[PDB]
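# Inside the fold
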Amino acid sequence: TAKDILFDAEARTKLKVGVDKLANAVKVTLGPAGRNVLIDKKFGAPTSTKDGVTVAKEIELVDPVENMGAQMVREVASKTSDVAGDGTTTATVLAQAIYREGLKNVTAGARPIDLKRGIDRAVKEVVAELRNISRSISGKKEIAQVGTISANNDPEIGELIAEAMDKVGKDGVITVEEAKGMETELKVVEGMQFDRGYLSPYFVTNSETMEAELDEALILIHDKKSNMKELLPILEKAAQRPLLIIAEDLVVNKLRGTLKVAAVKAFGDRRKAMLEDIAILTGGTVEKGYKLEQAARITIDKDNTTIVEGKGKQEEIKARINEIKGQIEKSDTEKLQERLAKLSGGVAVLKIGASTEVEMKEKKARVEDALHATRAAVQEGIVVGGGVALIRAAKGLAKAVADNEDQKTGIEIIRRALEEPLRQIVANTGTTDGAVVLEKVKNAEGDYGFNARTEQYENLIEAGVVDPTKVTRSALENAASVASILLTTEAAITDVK
Amino acid sequence: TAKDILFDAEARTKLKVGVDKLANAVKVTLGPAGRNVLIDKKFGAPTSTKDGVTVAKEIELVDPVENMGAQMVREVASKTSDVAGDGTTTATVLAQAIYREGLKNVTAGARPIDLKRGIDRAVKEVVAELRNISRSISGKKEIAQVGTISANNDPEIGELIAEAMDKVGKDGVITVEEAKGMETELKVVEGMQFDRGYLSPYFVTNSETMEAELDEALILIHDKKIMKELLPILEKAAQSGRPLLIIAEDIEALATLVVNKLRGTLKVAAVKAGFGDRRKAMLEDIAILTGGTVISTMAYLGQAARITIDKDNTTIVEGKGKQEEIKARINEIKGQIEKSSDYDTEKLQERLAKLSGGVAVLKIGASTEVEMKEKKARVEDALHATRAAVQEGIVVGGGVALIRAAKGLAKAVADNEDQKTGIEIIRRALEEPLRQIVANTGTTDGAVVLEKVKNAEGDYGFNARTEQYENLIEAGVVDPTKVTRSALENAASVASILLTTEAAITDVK
Amino acid sequence: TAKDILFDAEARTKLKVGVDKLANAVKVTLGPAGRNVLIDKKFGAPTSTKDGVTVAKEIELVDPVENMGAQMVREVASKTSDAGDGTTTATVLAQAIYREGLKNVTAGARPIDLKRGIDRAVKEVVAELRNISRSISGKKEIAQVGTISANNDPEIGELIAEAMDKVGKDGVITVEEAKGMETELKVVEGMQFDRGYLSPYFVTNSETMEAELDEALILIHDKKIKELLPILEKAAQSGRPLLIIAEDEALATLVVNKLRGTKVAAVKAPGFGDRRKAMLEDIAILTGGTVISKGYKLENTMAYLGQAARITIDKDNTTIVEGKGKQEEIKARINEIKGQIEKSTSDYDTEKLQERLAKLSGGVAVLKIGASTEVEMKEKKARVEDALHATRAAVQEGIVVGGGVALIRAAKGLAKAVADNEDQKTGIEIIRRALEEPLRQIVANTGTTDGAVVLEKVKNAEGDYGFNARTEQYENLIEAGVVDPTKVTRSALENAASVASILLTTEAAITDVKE
Amino acid sequence: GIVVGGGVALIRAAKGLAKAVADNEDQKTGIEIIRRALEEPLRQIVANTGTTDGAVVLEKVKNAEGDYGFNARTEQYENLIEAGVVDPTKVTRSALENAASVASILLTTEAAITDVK
Ligand SMILES: [Ca+2]
Ligand SMILES: [Mg+2]
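Here the residue numbering is sequential from 1 along each chain as its sequence is written and may not follow the entry numbering; residues with no coordinates are omitted from view. Naming scheme: in the order in which they are written, chains are lettered from A and ligands are numbered from 1. Taken from a larger assembly, the chains shown here are the sole basis for all values reported. Processing note: side-chain calculations cover all non-hydrogen atoms of the structure and skip hydrogens and water entirely. Residues with missing side-chain atoms are left out of burial classes, side-chain pairs and their counts.

The record lists X-ray crystallography as the method behind this PDB entry and 3.00 Å as its resolution.

### Quick notes on the nonpolar core
Quick note on the threshold: For the purposes of this section, nonpolar cores are sets of buried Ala, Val, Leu, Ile, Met, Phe, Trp, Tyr and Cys residues that join through side-chain atoms within 4.5 Å. Here's how the labels work: a residue is buried when its accessible area is under 20% of the maximum for its type, exposed when over 50%, partly exposed in between, all with a 1.4 Å probe on protein chains only. Two residues form a contact once any of their heavy atoms are found within 4.5 Å.
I98, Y99, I119, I414 and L476 of chain A are the most contacted members of the largest nonpolar core, which has 73 residues in total. Apart from the residues lying within four places of it in its own chain, the contact partners of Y99 of chain A are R12, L15, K16, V19, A483, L486 and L487 of chain A.

### Side note on the pairing of strand β15 (residues 456–459) of chain A
Residues and elements named next belong to chain A. Heads up, the condition is: Paired strands, as defined in this entry, are two strands with at least two bridges between them according to DSSP. Put simply, DSSP H or I for four residues or longer makes a helix, DSSP E for two residues or longer makes a strand, and each gets a number counted from the N terminus.
Note: strand β14 (residues 448–451) against β15, four bridges, orientation antiparallel. Bridged to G449 within β15 is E458. From the end of β14 to the start of β15, which pair antiparallel, there are four residues, and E455 there has a positive phi angle of about 55°.

### Some details on the UniProt feature "binding site: ATP" in chain C
Residues and elements named next belong to chain C. Heads up, the rule is: UniProt positions are given in the numbering used here, feature names are shortened, and annotations may be inferred rather than shown by experiment.
UniProt feature "binding site: ATP": in the numbering of this structure it lies at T29, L30, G31, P32, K50, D85, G86, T87, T88, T89, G403 and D484. Excluding residues within four positions of it along the chain, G31 makes contact with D85 and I442. Inspection of the secondary structure puts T89 in helix α4 (residues 86–106).

### Focus: the domain arrangement of chain C
Residues and elements named next belong to chain C. Counted only if it meets this: As used throughout, domain bounds are those supplied by an automatic or database domain assignment. A simple way to read buried area is as the amount of 1.4 Å-probe accessible surface that goes missing from two parts once joined, with both sides added. Definition used for salt bridges: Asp or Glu carboxyl oxygen within 4 Å of a side-chain nitrogen of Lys or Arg. In protein, a polar contact requires one atom able to donate a hydrogen and another able to accept it; more generally it is a pair of N or O atoms within 3.5 Å, and residues adjacent in sequence count only if both atoms are side-chain atoms.
Structurally, chain C comprises domain 1 (1–133 + 399–515), domain 2 (134–189 + 361–398) and domain 3 (190–360). Placing a centre on the C-alpha atoms of domain 1 and another on those of domain 2 gives a separation of 30 Å. Facing 16 residues of domain 1, the contacting portion of domain 2 comprises 12 residues. It is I399, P485 and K487 that lose the most area in domain 1 upon contact with domain 2, and together they represent 44% of the buried surface on that side. For the pair domain 1 and domain 2, the interface holds three salt bridges. For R130, the salt bridge identified is with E397, shortest N-O distance 2.5 Å. Applying the counting rule to domain 1 against domain 2 returns eight residue pairs in polar contact. Of all the secondary structure elements, the ones that give two or more residues to the side of domain 1 that touches domain 2 are β14 (399–401), β17 (483–485) and α19 (486–504). Top element by residues in the side of domain 1 that touches domain 2 is α19. It accounts for three residues.

### Thoughts on the environment of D63 of chain B
Residues and elements named next belong to chain B. By secondary structure assignment, the location of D63 is in the loop between α2 (52–57) and α3 (64–83). Judged by its relative accessible area of 22%, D63 falls in the partly exposed class. Measuring from C-alpha to C-alpha, the distance between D63 and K14 comes to 9.1 Å, with 49 residues separating the pair along the chain. Among the polar contacts made by the side chain of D63, one reaches the main-chain amide nitrogen of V65 at a distance of 3.0 Å.

### Here's the deal with the pattern of salt bridges
Scanning the entire structure with this criterion turns up 114 salt bridges over all chains. Here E177 of chain A ties to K351 of chain A by a salt bridge, and the two come within 2.6 Å at their closest N and O atoms. Summarising the burial analysis for this pair, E177 of chain A and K351 of chain A share the class buried. A salt bridge links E380 of chain A to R473 of chain A; its shortest N-O distance comes to 2.6 Å. Placement of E380 of chain A in helix α13 (residues 357–380) and of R473 of chain A in helix α19 (residues 469–487) is noted, with a sequence separation of 93 residues between them. What you see here is one network of salt bridges that share partners, running through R100, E101, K104, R428, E431, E432, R435 and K454 of chain B.

### Details of the interface of chain A and chain B
Applicable threshold: Classification used: nonpolar for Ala, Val, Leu, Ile, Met, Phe, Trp, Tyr, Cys and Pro, charged for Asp, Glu, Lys and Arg, polar for all others including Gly.
The interface is formed by 32 residues belonging to chain A together with 33 residues belonging to chain B. At the level of secondary structure, the elements contributing two or more residues to the side of chain A that touches chain B comprise β1 (3–7), α3 (64–83), α5 (112–132), α19 and β17 (489–495) of chain A. It is β17 of chain A that contributes the most residues to the side of chain A that touches chain B, six residues altogether. Split into classes, the residues belonging to the side of chain A that touches chain B amount to 16 nonpolar, six polar and 10 charged. Bridge count between β17 of chain A and strand β2 (residues 36–39) of chain B: four bridges; the pairing is parallel. Looking at β2 of chain B, one finds that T489 of chain A is bridged to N36 of chain B.

### A word on the arrangement of the chains
Where the five pairs of chains in contact are concerned, the greatest contact count is recorded for chains A and B. The two units chain A and chain C remain apart, with a minimum C-alpha distance of 26 Å.

### A short note on the packing of aromatic side chains
Operational definition: Ring geometry is summarised as follows: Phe, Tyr and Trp rings, the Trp one being its six-membered ring, pair when their centres sit within 6.5 Å, and such pairs are stacked at plane angles under 30 degrees, edge-to-face over 60 and tilted between the two. Think of it as a cone above the ring: NZ of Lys or CZ of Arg counts as a charge over the ring if it is within 6 Å of the ring centre and within 35 degrees of the ring normal.
The final tally for this structure, using the stated rule, is eight aromatic pairs over all chains. For the ring pair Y460 of chain B and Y469 of chain B, a centre distance of 6.2 Å and an interplane angle of 10° mean the geometry is stacked. Residue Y460 of chain B is classed as partly exposed on the basis of its relative accessible area of 34%. Judged by relative accessible area, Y469 of chain B falls into the partly exposed class, the value being 25%. With 6.0 Å between their ring centres and 10° between their planes, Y465 of chain C and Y474 of chain C make a pair best called stacked. The partly exposed category is assigned to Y465 of chain C, whose relative accessible area is 30%. What links up through ring pairs into an aromatic cluster is the set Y448, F450 and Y457 of chain A. The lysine or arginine in question, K457 of chain C, covers the ring of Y474 of chain C, its NZ or CZ lying 4.3 Å from the ring centre. Note that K60 of chain D overlies the ring of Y77 of chain D, its terminal NZ or CZ placed 3.9 Å from the centroid.

### Considerations on the sheet that holds strand β12 (residues 347–352) of chain A
All names here are of chain A. To keep things clear, this is the line we draw: Where helices are involved, their axes are fitted lines through C-alpha atoms of the stretch in contact, as for all axes, and angles between N-to-C directions lie from 0 to 180°.
Here three strands make up an open sheet; going across it, the order is β4-β12-β5 and the pairing mixed. Two strands lie at the open edges of the sheet, namely β4 (173–178) and β5 (185–189), each paired on one side alone. On average, each strand axis in the sheet is inclined to that of its neighbour by 25°, with strand direction left out of account. Looking at chain direction, β5 and β12 are connected through five bridges and run antiparallel. What sits directly across from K187, in β12, is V349. This element, helix α7 (residues 155–167), spans β4, β5 and β12 of the sheet and lies at about 20° to β5.

### Digging into the environment of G357 of chain B
Residues and elements named next belong to chain B. Relative to the helices and strands, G357 resides in the loop between α12 (346–354) and β14 (359–364). When its relative accessible area of 39% is taken as the criterion, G357 is described as partly exposed. Put simply, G357 and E369 are 12 residues apart on the chain and 31 Å apart in space, counted from C-alpha to C-alpha. Contacts of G357, omitting those with residues within four sequence positions, involve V168, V188 and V189.

Structure below.
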């Protein structure tokens, strides 16, 4: 349809208004002192949330160009918590500061392309310095320590996450379920996980977690490919139980009528080898087959699908692992070992018990967050929390080389942006003296920093204030990307009113 | 519907606003330094694109007269990337410069027709001079190099393009498909291709590749225009497992075949059959290759291993017809060559090439599906840039060839000052593509960069990605001659029409 | 006061509006087919005029920027006829040059390169205008030009030819309404100098813009001018008008008494340095007066004032007619001056003393025009004045073809103009198209829509062949009596290209704000 | 004394900026303001010629050494000392000192007091 087009600074200033509205709403919740935000509902009392992710999901602007920039930062900064599990709000605060000062220098006559080059070279050095000051996490004792800190000081949960990664490995599949009793226990079952998720967001059974869970579900494995009407006869045939259909190609009927079904993807000759393994696991049968005309739990994520507690014959399924094991000697061969590790590795299940359901769902939420944080701690390590690690990592900027003065400006844009998260931590405490608090932390060194929880200076590592290195480096990398994309945006196209 | 009519200068000034909005939006993406363009969507994040074709397709204006001038340049410039595969934004930048300077002189009193004549005489000589700078591409030695450049410096892709063009020839049918593994392969199979296309866009199976893919399909060949005998033979083929292809003079069959393809009834594709008695002879070649028979039952239908329906093209792959019967058809029309008039010579020789060479299938693969189809489409872009490069040759990229081709303007002849002004309109317009590439870098010194390139000669130019003057051919910066000359011919064509437009008729809001 | 400023294309476009308003109003009167222009008056019936000069004097605009461009081309074109209709031709030419000039500036032409190509084009057109010009010399040829400017009157043609024979070609000739009905010629003692009146309100006749004083007294003062009351009030009760010759608040006091009827005109002293005081003595001897200087006081005598019969003062020169000084003392100064010619060892002294000698010894030729009726007397007098002015200009630079044909023929010199680039060639072609404008306007004032063919038939013709708007026929304009002085034609083009080039190079226009 | 006319002397004198000391980046920015402003008089003189290309002329003058410059009257590149284009040293240095003085007061001005109309 007809379009309106904005160019040059008129587009970038309009985009900046949206970035500011997104950031200014979410950043008040940043630190441990993060202040409440009220979200209106259609009827009844409004929702009060200190969660910066919950606030960002509610941000929509009436102006199209303002909404574009607001969705740019929102989509990029959301990817920080998709992998590292934390840092969405931090990435948004950084993105606002980087784009503000960057655009401010564009008005002064700085080339936007050289600012991006200088910003990129500055991030490479800060991310590297974040690794130099990062503490590696290896061994079951300190893995339990990180799991306990992310559990809000729960030694039972820290030992549970450490024991799960001990049996199934650091890269193993670990899932969190609800226990049938008061006691919390760990159970290692059989299963596998692949990167093919749901085909539509409407299959999601849980609004906030964006996951589709099917309990006591039957698996349908075919190897032959969607919208063909022949699927209507097969769908209701065995439906009486949720169903998992696996193919390469019932959206409304699940969200409107009564049906429990999930259909994910299943490339080339490699896809035919994967579906034969799920048959020996899920306990079912897989071109030499019919036409379109069983596990305890099936969880469907956006980027992942995990089959938990599939029922095979343990004597027959053990032979399938030995068939692929024999194919390794006569064999690149790296993909054959991947399929072996999925079948023989299993899935760790965390059964979370408690007194009452309100406590059991409360305790389960901490185990999932502590698990996600511990997974990121074993990979890239841990760094000092409270926004201090971004300030300490500024020392790496000395190694950043600037080919001209505009590039040196971009380095200083990142230099001033690294201080912004801590500035917002202290600002959420309600004090106007926060400029002094930033000066003490910056003039100090090491793990010395400000803890906004007790409002006292201390050693944050010993105090239990820590962030995964993956969280911090991803927040800066994501923010610098989205802000540099907007700095280089010369046109904004949108539909007419 | 009642109409609003604009005349003379009032109409051309309004049309220029639409041409400006089109060009000013698309030209920011030109060159390696091309910047981002945000395209809004209903829900979610917008679309960031540095591609000029994506931005151009989204341009529509509220004012009908402004929208007309926008669609004018947009459609004419779109004919560049069709026969060429690149240079759509270049044609738009040239059209904006020719029309702006031309209209500027029209207000100065110059006759519009003498400007158009001067424009065409200048473009005629610039294309000729562009042919001298052209570097011909022939043989597997330099074809793999050209294919490697359009492959984003991948030598393995250039070897597949050079070897595929070696088996079936430069004009032979080459198709790129997704491989079943990481290792890329090449194989030549049976098949042919037709110059016709689908009747309705709804037959497309895969919207990503835009081509309708029917695997292990059936083919119906019928002479007259086609619901009388269709349904009995269609319903007899409705239970197959194999999709059906409809080949006739035309396809009532228009409404019923589209609604069944959109639903889950059956997969049916209709392609027109090329005219006169030559059409009835081509139906026998498709029937013998696929084993079927023409209709002038299920045993009469032909079977292939796959069918890909392009927009203007139709490709049948691996027909099931007996090879002993096909060779009897080959020597039938091959012996008919010795029996012949100057009328049909290469007409029957082209049919023999379809029943002999076949179709080569390029199979591209990678470690993950994300890179697999990303490199697969990269090969399709590399294959299209290579086939066009073989035809008209290769010229220096970065807009330098348009500047170097200005030497041919001395050969242009002007009958008066108005025509000479038109020649000078082209002279100033050829510098615009390079001036815009340097402007996309963001420097205010771009006026000096253009002076160095013009003061130099030959291969010397400016590389905007490294921001350093260097040899552009040795640095891998090249453009096909067909890409460059098409962008100049199409731009000068649309601007000449807009200069000669005395009225713009549009409906009332 | 606070100012508003317009820049470049915005200022040059507003200036063009004022230039067009002046041009379109005056150009309807151009040529013998010129049409009527009604000019309103405070009370009674308006003024109907076919004269372009009368219309141009009334052109004033509300918009200050538009008014500037109007007054710009108005003053520059006034120096062309400073008569002969050339002031309107210069305005028409100035419009065409400025219009096409601005049109190419928008097209991307450099304004200064257009000006260069314009100036080179004008030099070659004026040069070619000299070759086609036919000079006038001798009493016989002058008598023919005077008869033409008198509308086929051999009497005025002979009188002007005889007037230029008695006083010379460079002599001073004046026209005065005769006290008797017999037209006669009388040479009298007098002189003319290059100083005009010090204010337009001293002029007694608004039509000719010439201040004329009959039987007036001359006050000659050395220094600037309050303390003149004893001498000034002496002339007020003496009945004669007073002429004040001095070096220079008191100037406004004489303006009030002039408009109230209580005959005073002020003129600056001629020349400067010692030549000024030397010429002041020549005026006192011619008029029988005394120069106030260095043992004289301006407050202290009626005997020191010079006397003359008629004093005509325009905005340029002042002519003293019938000096009342004694004949012996006038020629005594002649011998005193001539004695210094042989005693001068410098070339500058000898050449400048001859100019001083030619004024006193030459005199002033007076043309007294008679007629049957007093109404016909002033009508015939104005005919002689215009005939004398046109004939005097025709002798200097020659004569060319009228009807705007000479400008068309002079276009053949444009091939001799060198253009350094395309923009300079454009300025040459601007003059090429502008030279057809005066004839195009003459044919347009006839009212015909066929004037596009008339211009082509004249351009494709040769020599003096052209179109006559009076009889609406093609003929030879030299034989038909249609001729313009070469000085008039070349001045119209030079002045038009001058003011049009200034406007093309104007990047800013400053004007006062609303009061 | 006398210096090069045509605004070239201010460009040739930019070599002294290497001797300027900056205590921080803000002071270094103020040094660069003069660096770009020294080219402004010559850039205006060339722009008053009406030429469409002003960048080439400024480039050829900045890269050349000595008194070599561009003559705007004849529109030709020539040595300005020999051609007769010359400015007094007091004229050139006073224009720079006065301009920087008034521009420094306006940059440091935090308030403007004016009467009510
Ligand atoms: Ca409500
Ligand atoms: Mg008249």
